[PDB]
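Novice: before the rest arrives, take these chain(s) from the complex:
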Amino acid sequence: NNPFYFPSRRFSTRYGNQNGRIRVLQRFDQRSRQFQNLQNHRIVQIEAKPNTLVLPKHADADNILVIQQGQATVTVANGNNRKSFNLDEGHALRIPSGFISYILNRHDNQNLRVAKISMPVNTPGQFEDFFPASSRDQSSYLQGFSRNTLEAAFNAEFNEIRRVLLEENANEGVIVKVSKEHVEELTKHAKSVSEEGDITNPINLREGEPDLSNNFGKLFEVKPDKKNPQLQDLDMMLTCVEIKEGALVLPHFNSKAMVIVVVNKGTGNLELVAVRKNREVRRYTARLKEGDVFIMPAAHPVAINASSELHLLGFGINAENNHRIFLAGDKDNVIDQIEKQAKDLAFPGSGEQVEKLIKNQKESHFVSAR
Amino acid sequence: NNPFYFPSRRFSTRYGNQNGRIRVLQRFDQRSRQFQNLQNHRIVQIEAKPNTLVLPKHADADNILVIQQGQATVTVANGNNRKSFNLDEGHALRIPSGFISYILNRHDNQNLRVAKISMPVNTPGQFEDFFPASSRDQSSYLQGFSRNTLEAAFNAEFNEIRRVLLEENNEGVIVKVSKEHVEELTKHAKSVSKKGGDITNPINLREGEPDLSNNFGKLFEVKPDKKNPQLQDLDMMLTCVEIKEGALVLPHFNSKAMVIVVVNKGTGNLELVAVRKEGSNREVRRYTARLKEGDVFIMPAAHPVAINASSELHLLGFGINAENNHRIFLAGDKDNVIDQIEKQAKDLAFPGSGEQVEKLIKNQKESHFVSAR
């Protein structure tokens, strides 16, 4: 009924067992053709129990992962290097396609929640995970090669190769339980957020001062610019918005960015306004819950009311030179920038009346829903 | 019958009243699949009566507008800034998606004609205009929000909000403006003559010296390069060609740019040559059209084109995939690629000898544009 809204139910789990699960949202362009531009963006949500490890793999997709909740140790490896990072909530990490990575929940009793945006390299909207080891969920890709090839490659008997690499490990699946001793082994090397062979360092989305901030909300944003060259390559921005309970983000829009937003935490109500076929204004609404996804098309006015402390994670594509533009309040209010005489000709009220009404809201960006 | 030709009839009007109209060309890829690469480019033509104003709005499309005829005052506003520009014929202005703009015909008695290329951001080939105010043509998008949201947002009673912002002001989206209002809207208008929050200055397409020029024609071109960084972002070039009455642009093509051209003024005849399969044996196909003001046509890359002017012909060209494009000619002295073929190669390829081919080629002493006699 609301094509911009993707409830957690629209996620299907790809890997899942007692230790956690890897869920993947449906392709956006399958929902509606108005998301064709988002066709090559898939949202992944990973949940892992304490002292749990997502086994090594690579995908034929480029990735940015962000910690929604908890604490992780994420490792990235290419042909000649490995780096392990301790990631906290609101930290992001780029994982280039074809690099191996694995994810440790390094917490004793808190669950790990991770959000990923995957951008397939080969087939628009489609990617696969490639595990070097076998498990009950999937075989090692090494099994795809012949006996002769494997033996020549590893310089060893097929029976040894099969015994140590190819068999199913002693079977949980791709997310396994890890002993305290093993956990400490895996975190000894990790470094915390605060380059080499395209293994780039983690980004702290909440680094420094928020772009927008008052008593009712904060918006943090990491833009595609000199400070983050890799975001330039992707033409993406990463945004973290926190809306206090009982507060509202004023009607606003991104001028050119299209944003996929996931609800990291909290509840609230989405209003999204659109013009469609002489021309009618359509209102779309949704009750936001943790794990939900929604799409903010560029230049479509949006307002969001927080039922409880609301944490939203935004992946913005087509982000270069984006402006986040407001329709009420003092700062960033584009309606205010219309010339007085133009306001007078456009609106029912006089220019004076329009300009007065506009000055009623003394605050900017976020205000109380009261 | 000619898929490259789009007569003014193929425009449908989206907004229209006594004061003018906003017309939009059909999606190019709906005509034919050979225009799939142009799918995200829509042509808009705006006509406005004197002392008339196209009301504030933004689109979910990136825009370049060009004055085809008359004089305008165009205002662009974002979240923290506003700039107003006096634009004359042949002046272009970039309006980023989501920025508000409005268009004043500041002339007392001459109509304003404006051409726009719109490139949708969300849905390939589709965009919508978003008006903050209501009118008989459309509701304010502010009406899409709830009473509670509006009241909290504006810090005011819904009744006041509805009274001053939400009600219908009626005329439509293009309204009549009093002389006094007109003078108010033009009072701080800039006349930028050269480049100077992503509110970029107007471009003069006829700035400086034309690329090509003789007694029969001129071609002006603004290329995607350091001088116009925004054209680099778009990988686009803007071209203005003026062909004298009774003159002909020589057979030629763009090496890699695809060009959407609109006929700003005049009449003429288009010849476009494509190679098409009837695998096996393929044939040369000739496409023609009688060009009239307001017509659009597509110049696919590397397809030879010639244009004969029935009367002073002004053509506006929006070139995509423009970087490192070469406009290459098939006759005449300068830019003639056939001339660059080695003499021995000419001899082997053509029916005549190398000497005969080279002599025939030297007959045309002129370049680019010649008399249709």
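Specialist: Alright, I've got the coordinates. Numbering: from 1, shown residues only, chains lettered A, B, ... in the order given.
Novice: If you count neighbours, what's buried in the lengthiest strand in chain A?
Specialist: The longest strand of chain A (DSSP state E) is strand A:258-276. For strand A:258-276, the neighbour count (16 or more other CB atoms under 10 Å in any protein chain shown) marks A:258-275 as buried. All C-beta spots, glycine's among them, are computed from the backbone N, C-alpha and C.
Novice: for stretch A:68-83, same thing?
Specialist: Buried, per 16+ other CB under 10 Å, within stretch A:68-83: A:68-78, A:83.
Novice: quick one: which of the residues you listed is nearest residue A:203?
Specialist: residue A:74 (12.5 Å; CB to CB).
Novice: Would you mind measuring from the closest one to residue B:285?
Specialist: 58 Å (CB to CB, to the nearest Å).
Novice: sorry, back to before: mark which of the buried residues of stretch A:68-83 are part of strands, please.
Specialist: Per DSSP E, the buried residues of stretch A:68-83 map to strands at A:68-69, A:71-77, A:83.
Novice: Those: which two are farthest apart?
Specialist: A:69 and A:77 (25.0 Å).
Novice: Switch the ones in strands among the buried residues of stretch A:68-83 over to CSV; also include distance to chain B.
Specialist: Shown next, in CSV, are these (distance: CB to the nearest CB, whole Å):
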residue, distance to chain B
A:68, 26
A:69, 29
A:71, 37
A:72, 34
A:73, 38
A:74, 33
A:75, 37
A:76, 32
A:77, 36
A:83, 34
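Novice: what about residue A:151, which helix or strand?
Specialist: helix A:147-154 (DSSP states H and E).
Novice: List of residues touching the next helix or strand along the chain from that helix?
Specialist: Beyond helix A:147-154 on the C-terminal side, the first helix or strand identified by DSSP H and E is helix A:158-161. For helix A:158-161, contacts defined as CB atoms under 8 Å, 6 or more residues apart in numbering or on different chains pick out A:147, A:150-151, A:154.
Novice: at 10 Å what do you get?
Specialist: A:142, A:145-148, A:150-151, A:153-155, A:166-167 (CB atoms under 10 Å, 6 or more residues apart in numbering or on different chains).
Novice: tell me the strands in the stretch 51-200 of chain A, going along the chain?
Specialist: For the stretch 51-200 of chain A, applying DSSP state E, counting those that start in this stretch gives strands covering A:52-59, A:61-69, A:71-77, A:82-88, A:91-95, A:100-105, A:112-120, A:129-130, A:175-177, A:191-192.
Novice: How is chain A divided into domains?
Specialist: Following curated CATH domains, one gets these domains for chain A: A:1-194, A:200-366.
Novice: Return the set of buried residues in stretch A:21-31.
Specialist: Per 16+ other CB under 10 Å, stretch A:21-31 contains these buried residues: A:21-25, A:27-29, A:31.
Novice: now, which of those lie within strands?
Specialist: Per DSSP E, the buried residues of stretch A:21-31 map to strands at A:21-25.
Novice: from those residues, which single one is nearest chain B?
Specialist: Nearest to chain B, judged by CB to the nearest CB, of those is residue A:25 at 18.5 Å.
Novice: Give the full set of residues in contact with that closest one.
Specialist: A:6, A:8, A:10-12, A:31, A:41-45, A:118, A:260, A:262, A:293.
Novice: while you're at it, add chain C from this line:
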Amino acid sequence: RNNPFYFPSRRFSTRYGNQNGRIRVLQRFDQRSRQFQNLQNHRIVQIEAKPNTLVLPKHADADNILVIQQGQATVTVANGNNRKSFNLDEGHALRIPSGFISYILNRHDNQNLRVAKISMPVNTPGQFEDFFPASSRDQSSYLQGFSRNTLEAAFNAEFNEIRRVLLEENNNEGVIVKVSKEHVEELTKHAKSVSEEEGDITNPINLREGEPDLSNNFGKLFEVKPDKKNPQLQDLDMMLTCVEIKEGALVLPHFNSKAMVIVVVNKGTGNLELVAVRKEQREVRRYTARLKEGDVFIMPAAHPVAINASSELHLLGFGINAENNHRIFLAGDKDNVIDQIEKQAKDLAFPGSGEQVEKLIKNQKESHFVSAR
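Specialist: Below, chain C sits with the chains from the block before:
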């Protein structure tokens, strides 16, 4: 069609062909399978020409990189104001921008010429046409597409002279013609061998220039990457790769991290193993093919691949999405990513202990290429 990544020479269809040679074009990749949609705008052309033979002047509405697979050529590139002729040997590559005229001389007395081309259409995804200025039994001159009046005004001559020297069929063989020894020497007299660039006529690239990236007794891999040294490869975001695998040797399981590669077999025979993870009809799928000269296959990014040479195997690779690509190995010493997994992670992932995994991995002391025995 059992292995969608493999394209045997039979899947090429000849577009132009006669006694002197033939121009063959591979089917569109996305018509085979939708997993090749990203390769939709890349067509593979294979040209074969007899000794002292010339492929007649033409341009395409496609961008092109050509590479000499075998023999020796003189290739000429012409735009509106310039011409350059290049002597190209095996493993030399040349960029031919769309809309530029080019022709290809087999300058050898008795060896055949084989040329591979990657064409990227400008107008219509996956589709392009060749535009010949001259007529032949295979195609008419595009100049015939223009009217008598236009031609006469353009060339400043009688239509009868124009038709006689330019438009008639040059008894006609086709687009590949025989050339006399004297004509051949005429065409090679100004050819350069592998100077400052000029009007986007860029110089030839030697794929085997300098030192190979990977090299040992069993194989070599040469690569030209999109970087400052080859600005035009940057524009294309492409890499060009030349791999030579000794008879009886194997390229270790490996993959490109992000590049998608179209590879053509220039010479030799071998066996392809390509591993894909896929959804059950999650399972590992093995694809194989017997490689022969003229075959094409697709290496999707991040899909493990191993290749066994039945005889000296020369592979030419066109890599798209190439920037920051890493060629990553799954066995051997250097570039082995499995080796980079932490010991404790190896232990948790694999059936063996970390120590056992790390020992087994050190068995193969060599890198990249090893003996198939």
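Novice: try the buried residues of stretch A:68-83 again now we have chain C.
Specialist: Buried residues in stretch A:68-83 (16+ other CB under 10 Å): A:68-80, A:82-83.
Novice: And for stretch A:301-321?
Specialist: For stretch A:301-321, burial by neighbour count (16+ other CB under 10 Å) applies to A:301-307, A:310-320.
Novice: ok, is that stretch in contact with chain C or not?
Specialist: No. If you take CB under 10 Å from any CB of the partner chain as the test, stretch A:301-321 misses chain C, and the best it gets is 17.1 Å.
Novice: Then stretch A:52-61?
Specialist: Yes. Using CB under 10 Å from any CB, we find that stretch A:52-61 touches chain C at A:53, A:55-61.
Novice: Buried residues, that stretch. List them.
Specialist: In stretch A:52-61, counting by 16+ other CB under 10 Å, buried: A:52-61.
Novice: Using PDB, write out every CA atom in that stretch.
Specialist: This file holds the C-alpha atoms of stretch A:52-61, laid out as PDB (Å, rounded to 0.1, in the frame of the first residue of the first chain):
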ATOM      1  CA  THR A  52      29.600 -15.500  18.100                       C
ATOM      2  CA  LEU A  53      31.400 -15.300  14.800                       C
ATOM      3  CA  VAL A  54      30.300 -14.800  11.200                       C
ATOM      4  CA  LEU A  55      32.600 -17.100   9.300                       C
ATOM      5  CA  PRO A  56      35.100 -15.700   6.600                       C
ATOM      6  CA  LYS A  57      33.600 -15.000   3.200                       C
ATOM      7  CA  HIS A  58      33.800 -12.600   0.300                       C
ATOM      8  CA  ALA A  59      31.000 -11.400  -1.900                       C
ATOM      9  CA  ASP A  60      30.800 -10.300  -5.500                       C
ATOM     10  CA  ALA A  61      29.400  -7.000  -4.100                       C
END
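Novice: how far is it from where the chain is centred?
Specialist: Distance, stretch centre to chain centre, for stretch A:52-61: 17 Å (CA atoms, centre = their mean, to the nearest Å).
Novice: same thing with stretch A:303-319?
Specialist: Using CA atoms, centre = their mean, the offset of stretch A:303-319 from its chain centre is 11 Å.
Novice: now stretch A:92-99
Specialist: For stretch A:92-99 - counting by CA atoms, centre = their mean - the centre lies 13 Å from the chain centre.
Novice: quick one: buried residues of it?
Specialist: So for stretch A:92-99, counting by 16+ other CB under 10 Å, buried means A:92-99.
Novice: can you pull the alpha-carbon coordinates of it into CSV?
Specialist: Output in CSV follows, covering the C-alpha atoms of stretch A:92-99 (Å, rounded to 0.1, in the frame of the first residue of the first chain):
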residue,chain,number,x,y,z
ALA,A,92,31.0,2.2,9.5
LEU,A,93,33.4,0.1,7.4
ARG,A,94,33.9,-0.3,3.7
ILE,A,95,34.5,-3.8,2.5
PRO,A,96,35.5,-3.9,-1.2
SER,A,97,34.1,-6.8,-3.2
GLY,A,98,36.2,-9.9,-3.3
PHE,A,99,37.9,-9.1,0.0
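Novice: That one close to chain C?
Specialist: Yes. Counting by CB under 10 Å from any CB, chain C is contacted by stretch A:92-99 at A:96-99.
Novice: now swap in stretch A:173-187 and tell me
Specialist: Yes. Using CB under 10 Å from any CB, stretch A:173-187 comes into contact with chain C via A:174, A:176-179, A:181-186.
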